[PDB]
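Taking it in order: structure first as structure tokens, then the write-up.
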Amino acid sequence: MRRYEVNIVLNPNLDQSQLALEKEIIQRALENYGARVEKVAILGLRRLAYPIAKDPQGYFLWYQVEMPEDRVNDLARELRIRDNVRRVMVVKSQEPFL
């Protein structure tokens with residue numbers, strides 16, 4: 001098992017309601033791939049390094065999880081496919097939240 005930080009960028013045009021749902025769905029997907037979600041945070045709107053879908057902004061969601069390394073890729077694939085998901089980045093935790 002490995003601990004990861006899942007960084008998700010969502011459509012900046014979604015409202016409080018839509019963001020909450022995507023956040024819940026994404027969390028359900030993580031667990032579906034054997035993950036145990038330790039922490040979640042809504043980081044908010046940020047100016048992307050490069051526009052995605054013609055929009056220079058994105059809404060950031062963050063998750064800290066522990067899951068089988070062998071399921072991360074498939075998980076990353078599924079999430080990138082979501083309509084409201086603009087960017088997915090799963091990295092190995094360095095200084096995990098307690």
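Chain lettering (A, B, ...) mirrors the order of the structure tokens, residue numbering begins at 1 for each chain separately, and ligand numbering begins at 1 in order of display.
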Give the helix (DSSP H, G or I) residues of chain A, as assigned by DSSP on the backbone, as a PyMOL selection string. chain A and resi 16-32+69-81
At a cut-off of 9 Å, using only C-alpha atoms, what residues contact residue A:37? Leave out same-chain residues fewer than 5 positions from it and give the result as a list in words.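 My list of contacting residues is residues 27, 30, 31, 63, 64, 65, 66 and 67 of chain A.
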If you run DSSP over the backbone, which residues in chain A end up strand (DSSP E)? Put them as number ranges by chain. A: 2-10, 36-52, 55-67, 85-92
Just the number, please: distance in Å from atom CA of residue A:16 to atom CA of residue A:83, one decimal.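 Calculated distance between atom CA of residue A:16 and atom CA of residue A:83 is 16.8 Å.
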Would you mind telling me which residue in A:19, A:6, A:52, A:72 lies nearest to residue A:33 when using only C-alpha atoms?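 Checking each candidate against residue A:33, we get A:72 as the closest.
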Just want the 12 Å neighbourhood of stretch 40-46 of chain A, counted on only C-alpha atoms, with same-chain residues fewer than 5 positions away dropped. Output as a PyMOL selection string. chain A and resi 4-16+19-20+22-24+26-27+30+51+55-65+97
Would you export the selected residues with N, CA, C and O atoms as a compact mmCIF listing (two decimals), in the first residue's frame, please?
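Contents of the output file part14.txt:
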# COMPACT_ATOMS: atom_id res chain seq x y z
N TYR A 4 -0.87 8.55 -1.24
CA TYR A 4 -0.81 9.50 -2.33
C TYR A 4 -1.62 10.76 -2.11
O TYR A 4 -2.55 10.79 -1.30
N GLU A 5 -1.24 11.80 -2.84
CA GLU A 5 -1.97 13.05 -2.82
C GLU A 5 -2.60 13.11 -4.21
O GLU A 5 -1.90 13.06 -5.23
N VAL A 6 -3.92 13.15 -4.23
CA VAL A 6 -4.67 13.19 -5.48
C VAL A 6 -5.09 14.63 -5.71
O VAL A 6 -5.90 15.17 -4.96
N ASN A 7 -4.54 15.25 -6.75
CA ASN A 7 -4.88 16.62 -7.06
C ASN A 7 -5.81 16.65 -8.26
O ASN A 7 -5.45 16.21 -9.36
N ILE A 8 -7.00 17.17 -8.04
CA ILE A 8 -8.02 17.24 -9.08
C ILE A 8 -8.42 18.67 -9.44
O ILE A 8 -8.72 19.47 -8.56
N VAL A 9 -8.42 18.98 -10.74
CA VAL A 9 -8.84 20.29 -11.21
C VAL A 9 -10.20 20.12 -11.88
O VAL A 9 -10.35 19.32 -12.81
N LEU A 10 -11.19 20.86 -11.39
CA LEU A 10 -12.55 20.79 -11.93
C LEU A 10 -12.94 22.05 -12.70
O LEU A 10 -12.33 23.11 -12.54
N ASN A 11 -13.97 21.90 -13.52
CA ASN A 11 -14.53 22.98 -14.33
C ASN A 11 -14.78 24.18 -13.42
O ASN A 11 -15.52 24.07 -12.44
N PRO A 12 -14.18 25.34 -13.73
CA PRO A 12 -14.37 26.53 -12.89
C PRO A 12 -15.79 27.09 -12.91
O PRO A 12 -16.13 27.95 -12.09
N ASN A 13 -16.62 26.60 -13.83
CA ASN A 13 -17.99 27.08 -13.98
C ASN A 13 -19.04 26.35 -13.14
O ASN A 13 -20.22 26.69 -13.19
N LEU A 14 -18.63 25.35 -12.37
CA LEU A 14 -19.57 24.61 -11.54
C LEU A 14 -19.90 25.42 -10.29
O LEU A 14 -19.06 26.17 -9.80
N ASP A 15 -21.11 25.26 -9.77
CA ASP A 15 -21.50 25.98 -8.56
C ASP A 15 -21.27 25.11 -7.33
O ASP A 15 -20.93 23.94 -7.45
N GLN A 16 -21.45 25.70 -6.15
CA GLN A 16 -21.26 25.00 -4.88
C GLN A 16 -21.85 23.59 -4.94
O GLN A 16 -21.20 22.61 -4.58
N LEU A 19 -19.96 21.22 -7.44
CA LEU A 19 -18.64 20.89 -6.92
C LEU A 19 -18.74 19.83 -5.83
O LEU A 19 -17.96 18.88 -5.81
N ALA A 20 -19.70 20.01 -4.93
CA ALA A 20 -19.90 19.06 -3.83
C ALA A 20 -20.16 17.66 -4.38
O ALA A 20 -19.59 16.68 -3.89
N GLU A 22 -19.38 16.37 -7.46
CA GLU A 22 -18.16 15.86 -8.09
C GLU A 22 -17.17 15.39 -7.03
O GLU A 22 -16.50 14.36 -7.19
N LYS A 23 -17.07 16.15 -5.94
CA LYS A 23 -16.17 15.81 -4.85
C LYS A 23 -16.56 14.47 -4.22
O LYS A 23 -15.71 13.65 -3.90
N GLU A 24 -17.86 14.26 -4.06
CA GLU A 24 -18.37 13.04 -3.48
C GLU A 24 -18.20 11.86 -4.44
O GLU A 24 -17.82 10.77 -4.02
N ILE A 26 -15.99 11.57 -6.93
CA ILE A 26 -14.57 11.28 -7.02
C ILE A 26 -14.11 10.49 -5.79
O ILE A 26 -13.31 9.57 -5.90
N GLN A 27 -14.63 10.85 -4.62
CA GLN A 27 -14.26 10.14 -3.41
C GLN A 27 -14.74 8.70 -3.49
O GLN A 27 -14.03 7.78 -3.07
N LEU A 30 -12.40 6.71 -5.76
CA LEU A 30 -11.14 6.38 -5.09
C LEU A 30 -11.32 5.11 -4.25
O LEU A 30 -10.56 4.15 -4.36
N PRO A 51 -4.33 26.95 -19.99
CA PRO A 51 -5.77 26.75 -20.08
C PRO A 51 -6.15 25.32 -20.47
O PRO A 51 -5.40 24.65 -21.18
N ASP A 55 -10.37 27.41 -20.89
CA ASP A 55 -10.52 28.19 -19.67
C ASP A 55 -9.22 28.19 -18.85
O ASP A 55 -8.74 27.13 -18.45
N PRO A 56 -8.66 29.38 -18.60
CA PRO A 56 -7.42 29.54 -17.84
C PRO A 56 -7.57 29.29 -16.34
O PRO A 56 -6.59 29.35 -15.60
N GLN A 57 -8.79 29.03 -15.89
CA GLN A 57 -9.02 28.80 -14.47
C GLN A 57 -9.57 27.41 -14.19
O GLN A 57 -10.12 26.76 -15.08
N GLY A 58 -9.42 26.97 -12.95
CA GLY A 58 -9.90 25.67 -12.55
C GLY A 58 -10.14 25.64 -11.06
O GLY A 58 -9.52 26.40 -10.33
N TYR A 59 -11.05 24.77 -10.62
CA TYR A 59 -11.38 24.63 -9.21
C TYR A 59 -10.62 23.41 -8.68
O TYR A 59 -10.84 22.30 -9.15
N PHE A 60 -9.74 23.63 -7.70
CA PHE A 60 -8.92 22.54 -7.15
C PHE A 60 -9.47 21.76 -5.97
O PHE A 60 -9.92 22.34 -4.98
N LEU A 61 -9.40 20.44 -6.08
CA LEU A 61 -9.81 19.52 -5.02
C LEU A 61 -8.57 18.69 -4.70
O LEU A 61 -7.79 18.36 -5.59
N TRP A 62 -8.41 18.34 -3.43
CA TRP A 62 -7.24 17.58 -3.00
C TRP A 62 -7.65 16.44 -2.07
O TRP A 62 -8.51 16.61 -1.21
N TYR A 63 -7.03 15.27 -2.25
CA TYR A 63 -7.30 14.12 -1.40
C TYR A 63 -6.00 13.45 -1.01
O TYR A 63 -5.06 13.38 -1.81
N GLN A 64 -5.93 12.97 0.22
CA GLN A 64 -4.77 12.22 0.68
C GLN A 64 -5.34 10.82 0.86
O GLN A 64 -6.36 10.64 1.53
N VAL A 65 -4.71 9.83 0.25
CA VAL A 65 -5.23 8.47 0.34
C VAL A 65 -4.15 7.41 0.46
O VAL A 65 -2.98 7.64 0.17
N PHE A 97 -0.48 14.51 5.90
CA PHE A 97 -1.25 15.19 6.93
C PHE A 97 -1.62 14.17 8.00
O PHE A 97 -1.83 12.99 7.71
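In terms of minimum interatomic distance to residue A:28, A:75 ranks closest within A:75, A:47, A:98, A:70, counting only C-alpha atoms.
Taking atom CA of residue A:29 as the reference point, atom CA of residue A:74 is found at 10.5 Å.
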